[PDB]
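Asks: Got a structure for you, questions after.
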Amino acid sequence: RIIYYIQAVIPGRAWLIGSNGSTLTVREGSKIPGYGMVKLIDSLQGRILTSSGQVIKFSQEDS
Amino acid sequence: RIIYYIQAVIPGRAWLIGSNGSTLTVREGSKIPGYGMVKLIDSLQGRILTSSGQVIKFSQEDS
Amino acid sequence: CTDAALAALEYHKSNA
Amino acid sequence: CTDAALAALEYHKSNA
Amino acid sequence: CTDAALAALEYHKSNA
Amino acid sequence: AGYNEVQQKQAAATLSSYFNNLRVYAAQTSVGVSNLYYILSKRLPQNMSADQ
Amino acid sequence: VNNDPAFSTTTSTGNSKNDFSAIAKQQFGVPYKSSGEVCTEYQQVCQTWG
Amino acid sequence: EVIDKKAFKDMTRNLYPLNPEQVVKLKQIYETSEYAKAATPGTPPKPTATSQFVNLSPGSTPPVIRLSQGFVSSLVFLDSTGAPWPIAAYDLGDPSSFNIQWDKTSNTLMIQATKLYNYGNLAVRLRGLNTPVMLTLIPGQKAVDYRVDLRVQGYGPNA
Amino acid sequence: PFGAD
Amino acid sequence: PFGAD
Amino acid sequence: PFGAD
Amino acid sequence: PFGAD
Amino acid sequence: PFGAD
Amino acid sequence: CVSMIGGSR
Amino acid sequence: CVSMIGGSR
Amino acid sequence: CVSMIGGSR
Amino acid sequence: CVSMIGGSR
Amino acid sequence: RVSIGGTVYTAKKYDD
Amino acid sequence: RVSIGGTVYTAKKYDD
Amino acid sequence: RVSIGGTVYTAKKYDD
Amino acid sequence: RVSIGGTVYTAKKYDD
Amino acid sequence: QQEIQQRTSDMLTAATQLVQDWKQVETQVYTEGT
Amino acid sequence: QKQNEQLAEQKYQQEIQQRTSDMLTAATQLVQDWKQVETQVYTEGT
Amino acid sequence: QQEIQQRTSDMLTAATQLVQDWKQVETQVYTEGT
Amino acid sequence: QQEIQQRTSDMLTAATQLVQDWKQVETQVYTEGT
Amino acid sequence: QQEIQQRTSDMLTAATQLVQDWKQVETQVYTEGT
């Protein structure tokens with residue numbers, strides 16, 4: 001599938017960058033292709049829980 | 001392998017240079033080619049401890 | 001960490 | 001030094 | 001002189 | 001931090017009026033300074049030729 | 001001591017009217033006879049505190 | 001004459017009251033003091049110089065720039081062919097949290113966050129675009145964008 | 001303030 | 001304040 | 001002060 | 001303060 | 001202050 | 001809805 | 001996470 | 001680490 | 001090492 | 001934890 | 001030792 | 001003797 | 001007699 | 001019983017200035033290009 | 001004998017608050033050295 | 001018992017001396033050529 | 001025992017001015033000829 | 001029983017300034033282009 005990494009995150013919105021170069025913005029509840037819908041957005045640790053158990057983190061080579 | 005050395009280290013990020021002249025900045029948890037993953041970045045002493053047991057320090061000619 | 005966040009979130013969503 | 005630091009680190013990691 | 005210096009040195013490196 | 005507005009502005013007024021008198025005085029004296037410097041400056045040497 | 005507005009730890013930005021006087025925001029009161037009336041003298045017996 | 005001796009030991013105590021051990025004690029104490037004052041909370045942002053493709057069609061989210069309090073982030077404006085786009089002008093929202101400099105001819109916008117995490121946005125109209133470029137600037141992230149090579153959708157005066 | 005920061 | 005300095 | 005916010 | 005000064 | 005001055 | 005800054009384990 | 005100038009041996 | 005000027009014989 | 005100005009005989 | 005409605009909803013005890 | 005969350009987590013006693 | 005850790009580590013008694 | 005280290009080392013009695 | 005009122009005073013003075021930092025809005029600027 | 005424990009409590013009590021005043025004079029001083037941001041300087045060459 | 005506090009005052013006033021010397025850092029100077 | 005403090009005071013007033021002379025640094029002066 | 005009048009006084013201080021802001025209307029502007 002397509003891999004997203006949280007480009008930058010604040011309480012509420014979180015802007016994401018994917019492996020296709022696509023950019024997106026997500027809130028507490030928002031649909032993501034493949035990942036499902038976001039359950040939570042922790043800006044403190046740069047982490048997002050989505051429904052599929054998949055965990056969105058800052059990309060390794062930028063964090 | 002490629003033996004790195006530290007050019008500089010602070011609480012948090014630390015900048016390392018390999019034998020190829022490449023430059024890399026690391027945090028508390030990050031992957032290093034060959035060295036594994038850092039457990040600890042000892043800034044005041046200028047050491048970093050990584051997973052597979054090696055301790056990276058300032059180069060003998062640079063310190 | 002997160003578990004308190006889910007618990008409080010569902011508590012706020014259940015008690016309006 | 002290092003071992004006390006890692007012990008404090010794991011204590012902070014385990015206690016959220 | 002040097003004896004006190006290196007004695008305090010190894011005392012410091014041993015007791016971190 | 002243990003202040004109120006009334007003597008705050010009263011004190012601000014006293015300082016500000018002081019510097020006002022100071023600068024007005026400075027202007028009045030500086031007119032005399034300027035004309036005395038002018039009258040002397042008509043009499044000081046000057047070099048005209050571009051080469052020394 | 002806490003009663004005195006001049007000794008109020010907070011800034012005096014609240015009620016500048018409700019204060020009983022410049023020395024106390026609330027009066028301590030005056031002894032009253034056993035009738036609810038002002039007891040200005042001792043010979044008129046004072047029992048309550050109005 | 002031991003009178004003199006005790007006077008002098010007494011005031012090798014008084015005049016200079018830190019025996020030179022104590023003075024390096026205080027030097028090192030202050031060393032650790034403002035090293036602690038120099039310490040950063042947590043891992044600092046990773047210094048990265050990124051490149052992004054700007055999409056100006058409706059429905060696209062604006063480019064987002066990671067900043068940090070007191071650090072320079074330089075935005076360079078590039079057309080589709082990779083040649084510079086000189087700036088017409090910019091308008092930044094909330095410059096009490098952001099400070100922007102630019103020499104009036106070039107195509108480099110250098111921005112610092114004067115506040116830790118207060119984010120905002122910034123519009124920038126270019127030489128060739130009727131429609132300007134939006135960017136949302138967020139400080140206090142795990143990364144600091146030392147430079148962003150934003151690639152505008154159009155073709156500029158340099159081809 | 002969590003322990004996975 | 002360590003001893004490996 | 002609603003709960004479906 | 002050493003004697004080998 | 002010696003005697004060979 | 002969650003402000004984890006007001007978070008507590 | 002660890003600032004070891006906040007270190008005690 | 002040694003500062004010998006704080007020297008004691 | 002010797003400051004002979006302080007000469008005591 | 002606190003909501004945006006102004007009323008405080010918190011979890012009790014949750015560790016990760 | 002003190003963490004970033006503000007809660008104090010320390011090791012007890014260690015040495016090298 | 002005092003180190004760069006700020007803690008005082010001293011030699012006891014020696015001569016040269 | 002007084003040295004440069006600050007400690008005083010003095011002869012007892014010597015004449016010439 | 002005095003602790004309640006003293007602490008209410010401390011963070012009422014706090015909350016006032018937090019609100020004041022909230023009420024401010026700093027106007028954008030226009031720099032116009034040569 | 002509860003009295004002497006009471007004024008013993010009194011005697012070893014002032015320390016926390018004078019130490020407290022000291023740490024505030026330190027800490028507010030710090031935090032204002034923190035709130036600053038030095039405006040960055042552009043130097044255009046010749 | 002008073003000796004400790006009096007010498008406390010003296011080498012506090014000395015320690016402030018030392019630290020304010022340490023905080024001092026002087027700007028560099030440039031002299032160009034002809 | 002009063003002699004203790006009086007001798008300390010007088011040779012204090014001395015030692016202070018001696019150290020003040022020691023910190024004195026009179027800068028070099030460069031002289032240019034014709 | 002003093003609580004009601006005290007809190008009502010706080011209410012007057014609040015509500016008067018509220019109604020004064022809501023009385024405020026400002027004049028629109030007209031910017032004539034070049």
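Letters for chains follow the order of the structure tokens (A, B, ...), residue numbers begin at 1 for each chain, and ligand numbers begin at 1 in the order shown.
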Pick out the residues sitting within 8 Å of residue 14 of chain E, and hand them over as JSON, numbers by chain; count only C-alpha atoms, and ignore anything fewer than 2 positions along from it in its own chain.

Replies: {"E": [10, 11, 12, 16], "J": [3], "S": [16]}

Asks: Can I get the selected residues back with N, CA, C and O atoms, as a JSON list (two decimals), in the first residue's frame?

Replies:
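Contents of result_9.json, as written:
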[["chain", "number", "residue", "atom", "x", "y", "z"],
["E", 10, "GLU", "N", 42.31, 8.92, 39.92],
["E", 10, "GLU", "CA", 41.69, 7.60, 39.87],
["E", 10, "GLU", "C", 40.53, 7.51, 40.85],
["E", 10, "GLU", "O", 39.59, 6.75, 40.62],
["E", 11, "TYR", "N", 40.58, 8.29, 41.94],
["E", 11, "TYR", "CA", 39.44, 8.35, 42.84],
["E", 11, "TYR", "C", 38.22, 8.96, 42.16],
["E", 11, "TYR", "O", 37.09, 8.51, 42.39],
["E", 12, "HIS", "N", 38.43, 9.97, 41.31],
["E", 12, "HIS", "CA", 37.31, 10.56, 40.59],
["E", 12, "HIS", "C", 36.79, 9.63, 39.50],
["E", 12, "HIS", "O", 35.57, 9.50, 39.32],
["E", 16, "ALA", "N", 32.14, 7.68, 40.24],
["E", 16, "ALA", "CA", 31.59, 8.55, 39.22],
["E", 16, "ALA", "C", 30.68, 9.62, 39.81],
["E", 16, "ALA", "O", 30.19, 10.49, 39.09],
["J", 3, "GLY", "N", 31.51, 10.49, 36.16],
["J", 3, "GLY", "CA", 32.90, 10.18, 36.40],
["J", 3, "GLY", "C", 33.68, 9.66, 35.22],
["J", 3, "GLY", "O", 34.88, 9.41, 35.34],
["S", 16, "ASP", "N", 29.63, 2.90, 38.26],
["S", 16, "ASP", "CA", 30.51, 2.22, 37.32],
["S", 16, "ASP", "C", 31.98, 2.39, 37.71],
["S", 16, "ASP", "O", 32.31, 3.19, 38.59]]

Asks: Neighbours of residue 5 of chain M within 12 Å (only C-alpha atoms; same-chain residues fewer than 3 positions away dropped), as a PyMOL selection string?

Replies: (chain M and resi 1-2) or (chain Q and resi 7) or (chain U and resi 16)

Asks: Among chain D, which residues does DSSP mark as alpha helix (DSSP H) when it is run on the backbone? Keep the chain and numbering as in the structure and answer as a ChimeraX atom specification.

Replies: /D:2-14

Asks: Keeping N, CA, C and O atoms for every residue in the selection just given, could you write it to a file as a PDB file, in the first residue's frame?

Replies:
ATOM      1  N   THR D   2      26.452   6.101  32.597  1.00  0.00           N
ATOM      2  CA  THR D   2      25.629   5.471  31.571  1.00  0.00           C
ATOM      3  C   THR D   2      24.583   4.524  32.147  1.00  0.00           C
ATOM      4  O   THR D   2      23.426   4.558  31.715  1.00  0.00           O
ATOM      5  N   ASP D   3      24.960   3.671  33.102  1.00  0.00           N
ATOM      6  CA  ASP D   3      24.024   2.663  33.591  1.00  0.00           C
ATOM      7  C   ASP D   3      22.914   3.290  34.429  1.00  0.00           C
ATOM      8  O   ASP D   3      21.745   2.902  34.313  1.00  0.00           O
ATOM      9  N   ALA D   4      23.253   4.273  35.267  1.00  0.00           N
ATOM     10  CA  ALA D   4      22.215   4.998  35.991  1.00  0.00           C
ATOM     11  C   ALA D   4      21.293   5.745  35.036  1.00  0.00           C
ATOM     12  O   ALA D   4      20.074   5.781  35.249  1.00  0.00           O
ATOM     13  N   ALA D   5      21.856   6.338  33.981  1.00  0.00           N
ATOM     14  CA  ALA D   5      21.041   7.036  32.994  1.00  0.00           C
ATOM     15  C   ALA D   5      20.081   6.080  32.298  1.00  0.00           C
ATOM     16  O   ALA D   5      18.906   6.403  32.104  1.00  0.00           O
ATOM     17  N   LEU D   6      20.560   4.892  31.916  1.00  0.00           N
ATOM     18  CA  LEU D   6      19.678   3.943  31.246  1.00  0.00           C
ATOM     19  C   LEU D   6      18.624   3.394  32.199  1.00  0.00           C
ATOM     20  O   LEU D   6      17.490   3.134  31.780  1.00  0.00           O
ATOM     21  N   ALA D   7      18.969   3.222  33.478  1.00  0.00           N
ATOM     22  CA  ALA D   7      17.974   2.789  34.453  1.00  0.00           C
ATOM     23  C   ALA D   7      16.881   3.836  34.623  1.00  0.00           C
ATOM     24  O   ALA D   7      15.689   3.504  34.641  1.00  0.00           O
ATOM     25  N   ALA D   8      17.265   5.108  34.737  1.00  0.00           N
ATOM     26  CA  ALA D   8      16.265   6.168  34.814  1.00  0.00           C
ATOM     27  C   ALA D   8      15.447   6.241  33.530  1.00  0.00           C
ATOM     28  O   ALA D   8      14.236   6.495  33.567  1.00  0.00           O
ATOM     29  N   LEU D   9      16.093   6.011  32.385  1.00  0.00           N
ATOM     30  CA  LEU D   9      15.396   6.037  31.105  1.00  0.00           C
ATOM     31  C   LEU D   9      14.323   4.958  31.044  1.00  0.00           C
ATOM     32  O   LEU D   9      13.182   5.225  30.653  1.00  0.00           O
ATOM     33  N   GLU D  10      14.669   3.727  31.432  1.00  0.00           N
ATOM     34  CA  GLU D  10      13.679   2.656  31.379  1.00  0.00           C
ATOM     35  C   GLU D  10      12.608   2.839  32.446  1.00  0.00           C
ATOM     36  O   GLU D  10      11.452   2.459  32.230  1.00  0.00           O
ATOM     37  N   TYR D  11      12.966   3.418  33.595  1.00  0.00           N
ATOM     38  CA  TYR D  11      11.959   3.727  34.603  1.00  0.00           C
ATOM     39  C   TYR D  11      10.955   4.752  34.091  1.00  0.00           C
ATOM     40  O   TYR D  11       9.754   4.627  34.354  1.00  0.00           O
ATOM     41  N   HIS D  12      11.427   5.767  33.364  1.00  0.00           N
ATOM     42  CA  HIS D  12      10.516   6.756  32.794  1.00  0.00           C
ATOM     43  C   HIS D  12       9.695   6.163  31.654  1.00  0.00           C
ATOM     44  O   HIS D  12       8.514   6.491  31.497  1.00  0.00           O
ATOM     45  N   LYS D  13      10.306   5.298  30.840  1.00  0.00           N
ATOM     46  CA  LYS D  13       9.581   4.662  29.745  1.00  0.00           C
ATOM     47  C   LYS D  13       8.489   3.724  30.242  1.00  0.00           C
ATOM     48  O   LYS D  13       7.400   3.699  29.660  1.00  0.00           O
ATOM     49  N   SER D  14       8.756   2.955  31.300  1.00  0.00           N
ATOM     50  CA  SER D  14       7.770   2.011  31.809  1.00  0.00           C
ATOM     51  C   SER D  14       6.649   2.706  32.572  1.00  0.00           C
ATOM     52  O   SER D  14       5.501   2.250  32.524  1.00  0.00           O
TER      53      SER D  14
END

Asks: Which residues, written as a PyMOL selection string, have at least one atom at most 6 Å from segment 48-63 of chain A, with only C-alpha atoms counted and residues fewer than 4 positions away on the same chain left out?

Replies: (chain A and resi 5-6+35-42) or (chain H and resi 46+142-143)

Asks: Can you write just those residues out, N, CA and C atoms, as a tab-separated table (two decimals), in the first residue's frame?

Replies:
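What follows is the written file out-v6.tsv:
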chain	number	residue	atom	x	y	z
A	5	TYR	N	3.68	9.35	6.41
A	5	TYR	CA	4.39	9.75	7.61
A	5	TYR	C	3.92	11.14	8.02
A	6	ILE	N	3.67	11.32	9.32
A	6	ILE	CA	3.17	12.60	9.79
A	6	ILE	C	4.23	13.67	9.54
A	35	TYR	N	-5.80	3.01	5.63
A	35	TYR	CA	-5.63	2.97	7.08
A	35	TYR	C	-6.97	2.93	7.81
A	36	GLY	N	-8.05	3.36	7.15
A	36	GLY	CA	-9.35	3.37	7.79
A	36	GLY	C	-9.79	4.77	8.19
A	37	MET	N	-10.02	4.98	9.48
A	37	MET	CA	-10.33	6.30	10.02
A	37	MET	C	-9.52	6.51	11.29
A	38	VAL	N	-9.05	7.74	11.50
A	38	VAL	CA	-8.17	8.03	12.62
A	38	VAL	C	-8.94	7.92	13.93
A	39	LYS	N	-8.37	7.17	14.88
A	39	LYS	CA	-8.89	7.11	16.24
A	39	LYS	C	-8.32	8.20	17.14
A	40	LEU	N	-7.03	8.53	17.01
A	40	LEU	CA	-6.48	9.61	17.83
A	40	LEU	C	-5.28	10.25	17.15
A	41	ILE	N	-4.98	11.49	17.55
A	41	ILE	CA	-3.83	12.25	17.07
A	41	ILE	C	-3.09	12.79	18.29
A	42	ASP	N	-1.98	12.14	18.65
A	42	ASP	CA	-1.08	12.61	19.70
A	42	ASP	C	0.03	13.44	19.05
H	46	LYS	N	15.14	17.75	14.04
H	46	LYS	CA	16.16	17.31	13.10
H	46	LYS	C	16.31	18.37	12.02
H	142	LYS	N	9.19	18.27	15.51
H	142	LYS	CA	10.34	17.38	15.64
H	142	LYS	C	11.35	17.56	14.52
H	143	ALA	N	11.06	18.39	13.53
H	143	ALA	CA	11.98	18.71	12.45
H	143	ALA	C	12.01	20.21	12.23

Asks: Onto chain Z, please fit chain Y by least squares using all C-alpha atoms in order, then return the transformed chain as a PDB file with N, CA and C atoms, in the first residue's frame.

Replies:
ATOM      1  N   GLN Y   1     -25.903  35.894  53.162  1.00  0.00           N
ATOM      2  CA  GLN Y   1     -26.770  36.716  52.327  1.00  0.00           C
ATOM      3  C   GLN Y   1     -25.985  37.860  51.687  1.00  0.00           C
ATOM      4  N   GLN Y   2     -24.772  38.099  52.192  1.00  0.00           N
ATOM      5  CA  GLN Y   2     -23.877  39.074  51.584  1.00  0.00           C
ATOM      6  C   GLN Y   2     -23.403  38.622  50.209  1.00  0.00           C
ATOM      7  N   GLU Y   3     -23.317  37.306  50.000  1.00  0.00           N
ATOM      8  CA  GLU Y   3     -22.964  36.789  48.688  1.00  0.00           C
ATOM      9  C   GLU Y   3     -23.908  37.317  47.622  1.00  0.00           C
ATOM     10  N   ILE Y   4     -25.171  37.561  47.979  1.00  0.00           N
ATOM     11  CA  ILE Y   4     -26.127  38.114  47.026  1.00  0.00           C
ATOM     12  C   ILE Y   4     -25.581  39.386  46.397  1.00  0.00           C
ATOM     13  N   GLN Y   5     -25.315  40.398  47.217  1.00  0.00           N
ATOM     14  CA  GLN Y   5     -24.861  41.662  46.664  1.00  0.00           C
ATOM     15  C   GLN Y   5     -23.461  41.558  46.073  1.00  0.00           C
ATOM     16  N   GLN Y   6     -22.601  40.663  46.578  1.00  0.00           N
ATOM     17  CA  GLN Y   6     -21.260  40.656  45.986  1.00  0.00           C
ATOM     18  C   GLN Y   6     -21.284  40.043  44.581  1.00  0.00           C
ATOM     19  N   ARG Y   7     -22.072  38.981  44.380  1.00  0.00           N
ATOM     20  CA  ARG Y   7     -22.188  38.406  43.043  1.00  0.00           C
ATOM     21  C   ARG Y   7     -22.906  39.367  42.107  1.00  0.00           C
ATOM     22  N   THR Y   8     -23.943  40.051  42.604  1.00  0.00           N
ATOM     23  CA  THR Y   8     -24.584  41.050  41.760  1.00  0.00           C
ATOM     24  C   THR Y   8     -23.602  42.142  41.363  1.00  0.00           C
ATOM     25  N   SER Y   9     -22.780  42.627  42.294  1.00  0.00           N
ATOM     26  CA  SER Y   9     -21.841  43.682  41.930  1.00  0.00           C
ATOM     27  C   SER Y   9     -20.856  43.212  40.866  1.00  0.00           C
ATOM     28  N   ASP Y  10     -20.287  42.013  41.024  1.00  0.00           N
ATOM     29  CA  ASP Y  10     -19.258  41.603  40.069  1.00  0.00           C
ATOM     30  C   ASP Y  10     -19.853  41.343  38.683  1.00  0.00           C
ATOM     31  N   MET Y  11     -21.010  40.680  38.614  1.00  0.00           N
ATOM     32  CA  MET Y  11     -21.572  40.439  37.289  1.00  0.00           C
ATOM     33  C   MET Y  11     -22.293  41.680  36.766  1.00  0.00           C
ATOM     34  N   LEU Y  12     -22.478  42.695  37.618  1.00  0.00           N
ATOM     35  CA  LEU Y  12     -22.827  44.025  37.126  1.00  0.00           C
ATOM     36  C   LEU Y  12     -21.661  44.657  36.385  1.00  0.00           C
ATOM     37  N   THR Y  13     -20.485  44.673  37.020  1.00  0.00           N
ATOM     38  CA  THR Y  13     -19.304  45.210  36.351  1.00  0.00           C
ATOM     39  C   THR Y  13     -19.033  44.466  35.056  1.00  0.00           C
ATOM     40  N   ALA Y  14     -19.425  43.194  34.989  1.00  0.00           N
ATOM     41  CA  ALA Y  14     -19.383  42.508  33.702  1.00  0.00           C
ATOM     42  C   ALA Y  14     -20.450  43.032  32.742  1.00  0.00           C
ATOM     43  N   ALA Y  15     -21.725  42.920  33.114  1.00  0.00           N
ATOM     44  CA  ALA Y  15     -22.795  43.154  32.156  1.00  0.00           C
ATOM     45  C   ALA Y  15     -22.733  44.560  31.579  1.00  0.00           C
ATOM     46  N   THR Y  16     -22.260  45.533  32.362  1.00  0.00           N
ATOM     47  CA  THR Y  16     -22.124  46.891  31.843  1.00  0.00           C
ATOM     48  C   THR Y  16     -21.125  46.955  30.690  1.00  0.00           C
ATOM     49  N   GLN Y  17     -19.974  46.297  30.826  1.00  0.00           N
ATOM     50  CA  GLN Y  17     -19.021  46.358  29.725  1.00  0.00           C
ATOM     51  C   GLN Y  17     -19.492  45.520  28.544  1.00  0.00           C
ATOM     52  N   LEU Y  18     -20.201  44.414  28.791  1.00  0.00           N
ATOM     53  CA  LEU Y  18     -20.771  43.694  27.648  1.00  0.00           C
ATOM     54  C   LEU Y  18     -21.765  44.559  26.872  1.00  0.00           C
ATOM     55  N   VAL Y  19     -22.666  45.263  27.562  1.00  0.00           N
ATOM     56  CA  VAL Y  19     -23.596  46.102  26.806  1.00  0.00           C
ATOM     57  C   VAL Y  19     -22.837  47.219  26.097  1.00  0.00           C
ATOM     58  N   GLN Y  20     -21.777  47.745  26.727  1.00  0.00           N
ATOM     59  CA  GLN Y  20     -21.000  48.788  26.062  1.00  0.00           C
ATOM     60  C   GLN Y  20     -20.358  48.268  24.780  1.00  0.00           C
ATOM     61  N   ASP Y  21     -19.855  47.028  24.789  1.00  0.00           N
ATOM     62  CA  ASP Y  21     -19.392  46.431  23.538  1.00  0.00           C
ATOM     63  C   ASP Y  21     -20.524  46.303  22.530  1.00  0.00           C
ATOM     64  N   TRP Y  22     -21.726  45.953  22.989  1.00  0.00           N
ATOM     65  CA  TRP Y  22     -22.835  45.789  22.053  1.00  0.00           C
ATOM     66  C   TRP Y  22     -23.237  47.095  21.376  1.00  0.00           C
ATOM     67  N   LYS Y  23     -23.203  48.226  22.087  1.00  0.00           N
ATOM     68  CA  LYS Y  23     -23.533  49.479  21.411  1.00  0.00           C
ATOM     69  C   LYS Y  23     -22.459  49.909  20.421  1.00  0.00           C
ATOM     70  N   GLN Y  24     -21.269  49.317  20.484  1.00  0.00           N
ATOM     71  CA  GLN Y  24     -20.166  49.740  19.633  1.00  0.00           C
ATOM     72  C   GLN Y  24     -20.508  49.517  18.166  1.00  0.00           C
ATOM     73  N   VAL Y  25     -20.288  50.551  17.356  1.00  0.00           N
ATOM     74  CA  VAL Y  25     -20.554  50.502  15.923  1.00  0.00           C
ATOM     75  C   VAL Y  25     -19.364  51.130  15.214  1.00  0.00           C
ATOM     76  N   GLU Y  26     -18.554  50.308  14.555  1.00  0.00           N
ATOM     77  CA  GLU Y  26     -17.403  50.823  13.823  1.00  0.00           C
ATOM     78  C   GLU Y  26     -17.774  50.968  12.353  1.00  0.00           C
ATOM     79  N   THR Y  27     -17.734  52.201  11.854  1.00  0.00           N
ATOM     80  CA  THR Y  27     -18.285  52.499  10.541  1.00  0.00           C
ATOM     81  C   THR Y  27     -17.465  51.857   9.429  1.00  0.00           C
ATOM     82  N   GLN Y  28     -18.152  51.524   8.342  1.00  0.00           N
ATOM     83  CA  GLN Y  28     -17.526  51.049   7.120  1.00  0.00           C
ATOM     84  C   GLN Y  28     -16.538  52.080   6.578  1.00  0.00           C
ATOM     85  N   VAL Y  29     -15.523  51.582   5.874  1.00  0.00           N
ATOM     86  CA  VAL Y  29     -14.531  52.427   5.224  1.00  0.00           C
ATOM     87  C   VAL Y  29     -14.447  52.051   3.751  1.00  0.00           C
ATOM     88  N   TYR Y  30     -14.579  53.060   2.894  1.00  0.00           N
ATOM     89  CA  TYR Y  30     -14.568  52.885   1.448  1.00  0.00           C
ATOM     90  C   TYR Y  30     -13.149  53.129   0.955  1.00  0.00           C
ATOM     91  N   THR Y  31     -12.597  52.160   0.230  1.00  0.00           N
ATOM     92  CA  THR Y  31     -11.231  52.229  -0.280  1.00  0.00           C
ATOM     93  C   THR Y  31     -11.280  52.447  -1.788  1.00  0.00           C
ATOM     94  N   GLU Y  32     -10.568  53.467  -2.259  1.00  0.00           N
ATOM     95  CA  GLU Y  32     -10.494  53.755  -3.685  1.00  0.00           C
ATOM     96  C   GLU Y  32      -9.146  53.316  -4.242  1.00  0.00           C
ATOM     97  N   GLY Y  33      -9.177  52.632  -5.383  1.00  0.00           N
ATOM     98  CA  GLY Y  33      -7.953  52.179  -6.005  1.00  0.00           C
ATOM     99  C   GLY Y  33      -7.449  53.138  -7.066  1.00  0.00           C
ATOM    100  N   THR Y  34      -6.255  52.843  -7.570  1.00  0.00           N
ATOM    101  CA  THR Y  34      -5.644  53.658  -8.615  1.00  0.00           C
ATOM    102  C   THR Y  34      -6.367  53.484  -9.946  1.00  0.00           C
TER     103      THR Y  34
END

Asks: Enter the distance from atom CA of residue 18 of chain A to atom CA of residue 1 of chain A, in Å, rounded to one decimal.

Replies: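 If I compute the distance from atom CA of residue 18 of chain A to atom CA of residue 1 of chain A, I get 10.6 Å.
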
Asks: Can you show chain T as a compact mmCIF listing (two decimals) with N, CA and C atoms, in the first residue's frame once it has been least-squares superposed onto chain R, using every C-alpha atom paired in order?

Replies:
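Saved the output as selection_12.txt:
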# COMPACT_ATOMS: atom_id res chain seq x y z
N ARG T 1 -8.66 15.42 32.09
CA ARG T 1 -8.78 15.95 30.74
C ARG T 1 -10.01 16.84 30.63
N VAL T 2 -9.92 17.89 29.83
CA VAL T 2 -10.98 18.89 29.71
C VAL T 2 -11.32 19.07 28.24
N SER T 3 -12.62 19.11 27.95
CA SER T 3 -13.11 19.09 26.58
C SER T 3 -13.28 20.51 26.05
N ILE T 4 -13.89 20.62 24.87
CA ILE T 4 -14.20 21.92 24.28
C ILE T 4 -15.60 22.36 24.69
N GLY T 5 -16.35 21.49 25.37
CA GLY T 5 -17.56 21.95 26.02
C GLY T 5 -17.31 22.77 27.27
N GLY T 6 -16.08 22.74 27.79
CA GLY T 6 -15.73 23.41 29.03
C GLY T 6 -15.87 22.52 30.25
N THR T 7 -16.63 21.44 30.13
CA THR T 7 -16.79 20.49 31.22
C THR T 7 -15.62 19.51 31.23
N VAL T 8 -15.18 19.15 32.43
CA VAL T 8 -14.01 18.31 32.62
C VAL T 8 -14.46 16.85 32.62
N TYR T 9 -13.92 16.08 31.68
CA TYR T 9 -14.13 14.64 31.62
C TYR T 9 -12.77 13.95 31.62
N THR T 10 -12.50 13.19 32.67
CA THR T 10 -11.17 12.66 32.93
C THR T 10 -11.18 11.14 32.96
N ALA T 11 -10.13 10.55 32.39
CA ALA T 11 -9.85 9.14 32.59
C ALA T 11 -9.36 8.90 34.02
N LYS T 12 -9.56 7.68 34.51
CA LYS T 12 -9.34 7.39 35.92
C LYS T 12 -7.92 6.93 36.22
N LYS T 13 -7.52 5.77 35.70
CA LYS T 13 -6.20 5.23 36.02
C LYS T 13 -5.85 4.16 35.00
N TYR T 14 -4.81 4.41 34.20
CA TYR T 14 -4.33 3.43 33.23
C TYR T 14 -2.84 3.65 33.02
N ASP T 15 -2.18 2.68 32.38
CA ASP T 15 -0.76 2.74 32.11
C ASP T 15 -0.45 2.10 30.77
N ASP T 16 0.68 2.50 30.18
CA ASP T 16 1.15 1.92 28.93
C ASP T 16 2.63 1.57 29.01

Asks: Using only C-alpha atoms, determine which residues lie at most 12 Å from segment 1-9 of chain F, disregarding the query and same-chain residues fewer than 5 positions distant; provide the list as number ranges by chain.

Replies: F: 14-17; G: 6-13; V: 10, 13

Asks: Could you check which of B:44, B:9, B:32, B:17 is closest to chain D, using only C-alpha atoms?

Replies: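 Smallest separation from chain D among the options: B:44.
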
Asks: Hey, what's within 10 Å of segment 33-40 of chain W if we count only C-alpha atoms and toss same-chain stuff fewer than 2 positions away? As an MDAnalysis selection string, please?

Replies: (chainID H and resid 37 69:72 99:101 110:116) or (chainID W and resid 27:31 42:43)

Asks: Could you tell me, as JSON, numbers by chain, which residues of chain V DSSP assigns to strand (DSSP E or B) when given the backbone?

Replies: {"V": [29, 30, 31, 32]}

Asks: Any chance you could export the current selection's C-alpha atoms as an mmCIF file, in the first residue's frame?

Replies:
data_model
loop_
_atom_site.group_PDB
_atom_site.id
_atom_site.type_symbol
_atom_site.label_atom_id
_atom_site.label_comp_id
_atom_site.auth_asym_id
_atom_site.auth_seq_id
_atom_site.Cartn_x
_atom_site.Cartn_y
_atom_site.Cartn_z
ATOM 1 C CA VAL V 29 2.022 43.572 7.165
ATOM 2 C CA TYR V 30 2.373 44.412 3.476
ATOM 3 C CA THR V 31 5.850 44.593 1.951
ATOM 4 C CA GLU V 32 5.607 45.616 -1.695
#
